[PDB]
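To be precise, the following lines are query.pdb, and they hold PDB, C-alpha atoms (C1' of nucleotides).
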ATOM      1  CA  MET Y   1     106.965 103.480  92.177
ATOM      2  CA  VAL Y   2     108.649 103.291  95.575
ATOM      3  CA  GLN Y   3     106.585 100.281  96.476
ATOM      4  CA  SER Y   4     107.804  98.587  93.282
ATOM      5  CA  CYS Y   5     108.502  99.132  89.566
ATOM      6  CA  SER Y   6     106.087  98.925  86.670
ATOM      7  CA  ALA Y   7     107.720  95.594  85.735
ATOM      8  CA  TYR Y   8     106.131  92.193  86.290
ATOM      9  CA  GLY Y   9     106.252  91.882  90.050
ATOM     10  CA  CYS Y  10     109.505  93.712  90.802
ATOM     11  CA  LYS Y  11     109.225  94.230  94.546
ATOM     12  CA  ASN Y  12     112.734  95.713  94.572
ATOM     13  CA  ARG Y  13     111.664  98.334  97.185
ATOM     14  CA  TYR Y  14     114.544 100.712  98.050
ATOM     15  CA  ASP Y  15     117.129  98.451  99.542
ATOM     16  CA  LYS Y  16     120.537 100.013  99.965
ATOM     17  CA  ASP Y  17     121.844  96.461 100.107
ATOM     18  CA  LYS Y  18     120.859  96.134  96.476
ATOM     19  CA  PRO Y  19     122.654  98.301  93.891
ATOM     20  CA  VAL Y  20     119.758 100.218  92.304
ATOM     21  CA  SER Y  21     118.695 103.873  91.949
ATOM     22  CA  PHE Y  22     115.145 105.172  91.472
ATOM     23  CA  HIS Y  23     114.190 106.939  88.215
ATOM     24  CA  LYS Y  24     111.108 108.305  86.662
ATOM     25  CA  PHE Y  25     109.793 107.466  83.174
ATOM     26  CA  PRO Y  26     111.457 109.244  80.187
ATOM     27  CA  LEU Y  27     108.587 111.692  80.237
ATOM     28  CA  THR Y  28     110.407 113.969  77.953
ATOM     29  CA  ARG Y  29     111.034 111.211  75.433
ATOM     30  CA  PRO Y  30     107.386 110.153  74.997
ATOM     31  CA  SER Y  31     107.834 108.056  71.851
ATOM     32  CA  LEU Y  32     110.548 106.121  73.631
ATOM     33  CA  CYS Y  33     108.476 106.323  76.772
ATOM     34  CA  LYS Y  34     105.763 104.562  74.884
ATOM     35  CA  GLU Y  35     107.768 101.465  74.097
ATOM     36  CA  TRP Y  36     108.136 101.063  77.807
ATOM     37  CA  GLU Y  37     104.430 100.308  77.539
ATOM     38  CA  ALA Y  38     105.279  97.292  75.444
ATOM     39  CA  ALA Y  39     107.663  95.971  78.024
ATOM     40  CA  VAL Y  40     105.083  96.559  80.733
ATOM     41  CA  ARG Y  41     103.040  93.741  79.115
ATOM     42  CA  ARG Y  42     101.476  93.073  82.539
ATOM     43  CA  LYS Y  43      97.650  92.799  82.417
ATOM     44  CA  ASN Y  44      97.316  94.825  85.572
ATOM     45  CA  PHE Y  45      99.533  97.600  84.211
ATOM     46  CA  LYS Y  46     101.323  99.273  87.123
ATOM     47  CA  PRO Y  47     101.395 103.142  87.573
ATOM     48  CA  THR Y  48     101.888 105.500  84.652
ATOM     49  CA  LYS Y  49     105.108 107.271  84.028
ATOM     50  CA  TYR Y  50     104.903 109.708  86.927
ATOM     51  CA  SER Y  51     105.865 106.791  89.167
ATOM     52  CA  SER Y  52     109.518 105.778  89.311
ATOM     53  CA  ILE Y  53     111.408 102.665  88.109
ATOM     54  CA  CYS Y  54     114.669 101.026  89.327
ATOM     55  CA  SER Y  55     117.991 100.558  87.431
ATOM     56  CA  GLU Y  56     118.011  96.746  87.021
ATOM     57  CA  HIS Y  57     115.392  97.070  84.279
ATOM     58  CA  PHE Y  58     117.532  98.944  81.735
ATOM     59  CA  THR Y  59     120.998  98.828  80.389
ATOM     60  CA  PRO Y  60     123.637 100.703  82.405
ATOM     61  CA  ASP Y  61     124.303 102.624  79.210
ATOM     62  CA  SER Y  62     120.714 103.870  79.202
ATOM     63  CA  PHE Y  63     120.464 104.183  82.972
ATOM     64  CA  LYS Y  64     119.568 107.923  82.846
ATOM     65  CA  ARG Y  65     121.164 111.375  82.374
ATOM     66  CA  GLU Y  66     124.536 109.594  82.269
ATOM     67  CA  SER Y  67     123.501 108.229  78.862
ATOM     68  CA  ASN Y  68     124.316 110.572  75.961
ATOM     69  CA  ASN Y  69     123.237 114.131  76.717
ATOM     70  CA  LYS Y  70     120.843 114.446  79.649
ATOM     71  CA  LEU Y  71     118.463 111.478  79.403
ATOM     72  CA  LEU Y  72     118.365 107.749  78.359
ATOM     73  CA  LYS Y  73     119.497 106.325  75.061
ATOM     74  CA  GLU Y  74     116.369 107.125  73.007
ATOM     75  CA  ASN Y  75     116.880 103.771  71.268
ATOM     76  CA  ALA Y  76     116.732 101.894  74.599
ATOM     77  CA  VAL Y  77     113.917 100.995  76.940
ATOM     78  CA  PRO Y  78     113.669  98.577  79.973
ATOM     79  CA  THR Y  79     113.947  95.131  78.520
ATOM     80  CA  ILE Y  80     115.083  93.404  81.744
ATOM     81  CA  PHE Y  81     111.621  93.853  83.360
ATOM     82  CA  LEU Y  82     111.106  90.083  83.606
ATOM     83  CA  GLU Y  83     111.813  86.807  81.828
ATOM     84  CA  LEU Y  84     108.305  85.426  81.322
ATOM     85  CA  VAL Y  85     106.181  84.990  84.432
ATOM     86  CA  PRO Y  86     106.940  84.661  88.171
ATOM     87  CA  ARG Y  87     105.721  81.758  90.302
TER      88      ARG Y  87
ATOM     89  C1'  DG M   1     129.677 130.207  89.664
ATOM     90  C1'  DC M   2     124.696 130.809  90.568
ATOM     91  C1'  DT M   3     120.042 130.072  88.913
ATOM     92  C1'  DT M   4     116.778 127.262  86.229
ATOM     93  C1'  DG M   5     115.292 122.821  84.090
ATOM     94  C1'  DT M   6     115.000 117.797  84.360
ATOM     95  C1'  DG M   7     116.082 113.883  86.824
ATOM     96  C1'  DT M   8     115.806 111.961  91.370
ATOM     97  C1'  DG M   9     112.577 110.195  95.328
ATOM     98  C1'  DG M  10     108.106 109.073  97.485
ATOM     99  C1'  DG M  11     102.398 109.026  98.699
ATOM    100  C1'  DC M  12      97.059 108.450  99.182
ATOM    101  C1'  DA M  13      92.215 106.454  98.201
ATOM    102  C1'  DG M  14      88.790 102.695  96.580
ATOM    103  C1'  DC M  15      87.905  97.697  95.646
ATOM    104  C1'  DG M  16      89.341  92.414  94.988
TER     105       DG M  16
ATOM    106  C1'  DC P   1      95.124  96.243 103.154
ATOM    107  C1'  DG P   2      97.872  96.992  99.064
ATOM    108  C1'  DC P   3      98.151  98.761  94.368
ATOM    109  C1'  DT P   4      97.463 102.178  90.474
ATOM    110  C1'  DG P   5      97.532 107.440  88.890
ATOM    111  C1'  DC P   6      99.613 111.860  89.168
ATOM    112  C1'  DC P   7     102.871 116.026  91.492
ATOM    113  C1'  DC P   8     106.716 118.988  94.026
ATOM    114  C1'  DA P   9     111.437 120.389  95.677
ATOM    115  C1'  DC P  10     116.508 119.783  95.551
ATOM    116  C1'  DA P  11     120.943 118.811  93.258
ATOM    117  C1'  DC P  12     123.499 118.666  88.981
ATOM    118  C1'  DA P  13     124.485 120.574  84.405
ATOM    119  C1'  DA P  14     124.062 124.385  81.140
ATOM    120  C1'  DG P  15     123.605 129.387  80.225
ATOM    121  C1'  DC P  16     124.730 134.226  81.277
TER     122       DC P  16
END
Could you spell out this file's structure in structure tokens?
Amino acid sequence: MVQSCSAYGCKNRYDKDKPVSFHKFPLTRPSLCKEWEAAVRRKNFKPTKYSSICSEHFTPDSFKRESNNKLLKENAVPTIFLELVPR
DNA sequence: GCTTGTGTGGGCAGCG
DNA sequence: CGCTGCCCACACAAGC
């Protein structure tokens, strides 16, 4: 969301000082959308996929419509969400 | 090239 | 009081 991504505590709230854009889940690529679930391994699972996510969580390749045709790389999903657990 | 579709961008209510 | 769940309008890219 705007407040923060579905990651594990990514309070990366829109900060122009930080190089990130704000995208929505790959709604239209549900199967692939679903692995995002897996990377959102947070107990208190953040919003669904209508909320938005920021760029730092995926590979630049898979960023968005700039991928292959008009959406992500269907074989890529946010993997940069978080290392293990914040302190 | 312009219009339409999908992505982009952000919000409100109830309980620790 | 903030967070989670779901929706609309505009610009860019494709079609006519």
Point-to-point distance in Å for CA of residue 25 in chain Y and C1' of residue 5 in chain P: 13.5 Å
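Between CA of residue 57 in chain Y and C1' of residue 13 in chain P the separation is 25.2 Å.
Here CA of residue 31 in chain Y and CA of residue 74 in chain Y stand 8.7 Å from one another.
When the distance limit is 12 Å and all atoms listed in the file are what count, the residues near residue 3 in chain M, minus those fewer than 3 positions from it on the same chain, are residues 12, 13, 14, 15 and 16 of chain P.
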Based on only C-alpha atoms (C1' of nucleotides), which of the residues in chain Y come within 8 Å of chain M? I want them as a PDB file with C-alpha atoms, keeping the file's coordinate frame.
ATOM      1  CA  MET Y   1     106.965 103.480  92.177  1.00  0.00           C
ATOM      2  CA  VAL Y   2     108.649 103.291  95.575  1.00  0.00           C
ATOM      3  CA  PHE Y  22     115.145 105.172  91.472  1.00  0.00           C
ATOM      4  CA  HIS Y  23     114.190 106.939  88.215  1.00  0.00           C
ATOM      5  CA  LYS Y  24     111.108 108.305  86.662  1.00  0.00           C
ATOM      6  CA  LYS Y  64     119.568 107.923  82.846  1.00  0.00           C
ATOM      7  CA  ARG Y  65     121.164 111.375  82.374  1.00  0.00           C
TER       8      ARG Y  65
END
Expand the PyMOL selection byres ((chain P) within 8 of (chain Y)) into the explicit residue set it covers here, and present it as a PDB file with C-alpha atoms (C1' of nucleotides), in the frame of the given file.
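In the end it all went to selection38.pdb:
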ATOM      1  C1'  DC P   3      98.151  98.761  94.368  1.00  0.00           C
ATOM      2  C1'  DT P   4      97.463 102.178  90.474  1.00  0.00           C
ATOM      3  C1'  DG P   5      97.532 107.440  88.890  1.00  0.00           C
ATOM      4  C1'  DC P   6      99.613 111.860  89.168  1.00  0.00           C
TER       5       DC P   6
END
Show me the residues around (112.9, 109.7, 69.8) - criterion: an atom at most 10 Å away, all atoms listed in the file counted - as a VMD selection string. chain Y and resid 28 to 33 73 to 76
I'd like to see the residues matched by the PyMOL selection byres ((chain Y and resi 77-79) around 10) on this file, and ideally I'd get them as JSON, numbers by chain. {"Y": [7, 25, 26, 32, 33, 34, 35, 36, 37, 38, 39, 40, 53, 54, 55, 56, 57, 58, 59, 62, 63, 72, 73, 74, 75, 76, 80, 81, 82, 83]}
Just to be explicit: take each residue in the selection above, keep C-alpha atoms, and write the result as a PDB file, in the coordinates of the input.
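Writing the result to selection-v8.pdb gives the following:
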ATOM      1  CA  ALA Y   7     107.720  95.594  85.735  1.00  0.00           C
ATOM      2  CA  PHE Y  25     109.793 107.466  83.174  1.00  0.00           C
ATOM      3  CA  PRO Y  26     111.457 109.244  80.187  1.00  0.00           C
ATOM      4  CA  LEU Y  32     110.548 106.121  73.631  1.00  0.00           C
ATOM      5  CA  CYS Y  33     108.476 106.323  76.772  1.00  0.00           C
ATOM      6  CA  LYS Y  34     105.763 104.562  74.884  1.00  0.00           C
ATOM      7  CA  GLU Y  35     107.768 101.465  74.097  1.00  0.00           C
ATOM      8  CA  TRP Y  36     108.136 101.063  77.807  1.00  0.00           C
ATOM      9  CA  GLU Y  37     104.430 100.308  77.539  1.00  0.00           C
ATOM     10  CA  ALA Y  38     105.279  97.292  75.444  1.00  0.00           C
ATOM     11  CA  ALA Y  39     107.663  95.971  78.024  1.00  0.00           C
ATOM     12  CA  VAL Y  40     105.083  96.559  80.733  1.00  0.00           C
ATOM     13  CA  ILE Y  53     111.408 102.665  88.109  1.00  0.00           C
ATOM     14  CA  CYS Y  54     114.669 101.026  89.327  1.00  0.00           C
ATOM     15  CA  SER Y  55     117.991 100.558  87.431  1.00  0.00           C
ATOM     16  CA  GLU Y  56     118.011  96.746  87.021  1.00  0.00           C
ATOM     17  CA  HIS Y  57     115.392  97.070  84.279  1.00  0.00           C
ATOM     18  CA  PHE Y  58     117.532  98.944  81.735  1.00  0.00           C
ATOM     19  CA  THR Y  59     120.998  98.828  80.389  1.00  0.00           C
ATOM     20  CA  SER Y  62     120.714 103.870  79.202  1.00  0.00           C
ATOM     21  CA  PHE Y  63     120.464 104.183  82.972  1.00  0.00           C
ATOM     22  CA  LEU Y  72     118.365 107.749  78.359  1.00  0.00           C
ATOM     23  CA  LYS Y  73     119.497 106.325  75.061  1.00  0.00           C
ATOM     24  CA  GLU Y  74     116.369 107.125  73.007  1.00  0.00           C
ATOM     25  CA  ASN Y  75     116.880 103.771  71.268  1.00  0.00           C
ATOM     26  CA  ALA Y  76     116.732 101.894  74.599  1.00  0.00           C
ATOM     27  CA  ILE Y  80     115.083  93.404  81.744  1.00  0.00           C
ATOM     28  CA  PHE Y  81     111.621  93.853  83.360  1.00  0.00           C
ATOM     29  CA  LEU Y  82     111.106  90.083  83.606  1.00  0.00           C
ATOM     30  CA  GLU Y  83     111.813  86.807  81.828  1.00  0.00           C
TER      31      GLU Y  83
END
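Between residue 71 in chain Y and the candidates Y:27, Y:13, Y:20, Y:5, the tightest atom-to-atom separation, counting only C-alpha atoms, involves Y:27.
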